[PDB]
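> I would like the atomic coordinates for the input below:
(one chain, ligands or ions: 1)
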Amino acid sequence: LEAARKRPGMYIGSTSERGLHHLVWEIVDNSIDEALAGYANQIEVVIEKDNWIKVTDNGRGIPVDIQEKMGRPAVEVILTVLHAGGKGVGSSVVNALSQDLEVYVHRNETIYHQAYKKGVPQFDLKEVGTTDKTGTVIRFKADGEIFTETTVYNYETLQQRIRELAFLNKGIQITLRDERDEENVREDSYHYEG
Ligand SMILES: C=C1CC[C@@H](O[C@H]2C[C@@](O)([C@H](C)NC(=O)c3[nH]c(C)c(Cl)c3Cl)[C@H](O)[C@@H](C)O2)[C@@H]2C=C[C@H](C)[C@H](C(=O)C3=C(O)[C@H](C(C)C)N([C@@H]4O[C@@H](C)[C@@H](OC(N)=O)[C@@H](OC(C)=O)[C@H]4OC)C3=O)[C@@H]12
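Numbering: from 1, shown residues only. Dropping the coordinates below:
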């Protein structure tokens, strides 16, 4: 839990620009995972005001249904229990390494939401609207405490990895939007069929 917070290098490599951009990598790899299972074909990575990150896929939505073994909803589990769903480190490390984190699962024509602070859930999963679409949405502001030196994302850095991933995993459409400045909005959509 706090192991990722105490040993960040031992979990994301660097606590500099490399580690900051790596937070965006672990959340996107989660969407690529869902996409290679044949459920999502669209990923969107937005750099929002005050260097927040918003990752959106058109997947089935992280299961919201209670884990009959932990009692907590499945979405709360992957985001809170370290390394959950594997052995690529986990969306939970991106959680513990963020001062603020939000989750919006679109499933059962409804929006399930929950928010975290340094991994810690601020409240229990609540339903906050109805929806036509299915998928997951993650917003995070990397913790100012851990990422000493830089918290501002390099667009060209994100562009390069997104362009590569789109090409490796063909069929997937990954989009990058820079919204940090309302007056000049940047966008690059990557979709290779071959
Ligand atoms: C916690 C969950 C619920 C969610 C599930 O992942 C989803 C993800 C999925 O929604 C899809 C890829 N996600 C997205 O679309 C997505 N989109 C975005 C923007 C994001 Cl973020 C995501 Cl995600 C996919 O569609 C569905 C089918 O699966 C996870 C996948 C596999 C596991 C079976 C996992 C689970 O039930 C686990 C458990 O019961 C235990 C927990 C309760 C402790 N656990 C373990 O958690 C640790 C101790 C481990 O530790 C490691 N490996 O270091 C093991 O533990 C062990 C003992 O090895 C690991 O395996 C047992 C688990 O991983 C599952």
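> Please, where are all the helices along this protein?
3-6, 9-12, 17-36, 74-80, 91-96, 155-168 (DSSP state H).
> Let me have those in TSV, extended by mean neighbour count.
For every residue, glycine as well, the C-beta is placed using N, CA and C. As requested, the helices of the chain are exported to TSV (neighbours: other C-beta atoms under 10 Å):
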stretch	mean neighbour count
helix 3-6	15
helix 9-12	16
helix 17-36	20
helix 74-80	21
helix 91-96	25
helix 155-168	15
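> Make JSON lines out of those and add distance to the ligand.
Listed next are these as JSON lines, based on distance: least, C-beta to the nearest ligand atom, whole Å:
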{"stretch": "helix 3-6", "distance to the ligand": "11"}
{"stretch": "helix 9-12", "distance to the ligand": "11"}
{"stretch": "helix 17-36", "distance to the ligand": "3"}
{"stretch": "helix 74-80", "distance to the ligand": "4"}
{"stretch": "helix 91-96", "distance to the ligand": "4"}
{"stretch": "helix 155-168", "distance to the ligand": "14"}
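> Run the chain-centre distance for stretch 127-139.
When C-alpha coordinates are averaged (C-alpha atoms, centre = their mean, to the nearest Å), stretch 127-139 and its chain have centres 14 Å apart.
> Grab the CA positions of that stretch and hand them over as PDB.
Taking Å, rounded to 0.1, in the frame of the first residue of the first chain, the C-alpha atoms of stretch 127-139 are listed here in PDB:
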ATOM      1  CA  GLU A 127     -23.800   6.100  -8.400                       C
ATOM      2  CA  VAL A 128     -23.600   9.700  -9.900                       C
ATOM      3  CA  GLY A 129     -25.600   9.700 -13.200                       C
ATOM      4  CA  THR A 130     -27.000   7.600 -16.000                       C
ATOM      5  CA  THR A 131     -25.200   6.800 -19.300                       C
ATOM      6  CA  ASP A 132     -25.800   5.400 -22.900                       C
ATOM      7  CA  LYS A 133     -22.000   4.400 -23.200                       C
ATOM      8  CA  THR A 134     -19.800   1.700 -21.500                       C
ATOM      9  CA  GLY A 135     -16.200   2.100 -20.300                       C
ATOM     10  CA  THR A 136     -13.700   3.400 -17.700                       C
ATOM     11  CA  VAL A 137     -12.400   6.900 -16.900                       C
ATOM     12  CA  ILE A 138      -9.500   7.800 -14.700                       C
ATOM     13  CA  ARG A 139      -8.300  11.200 -13.600                       C
END
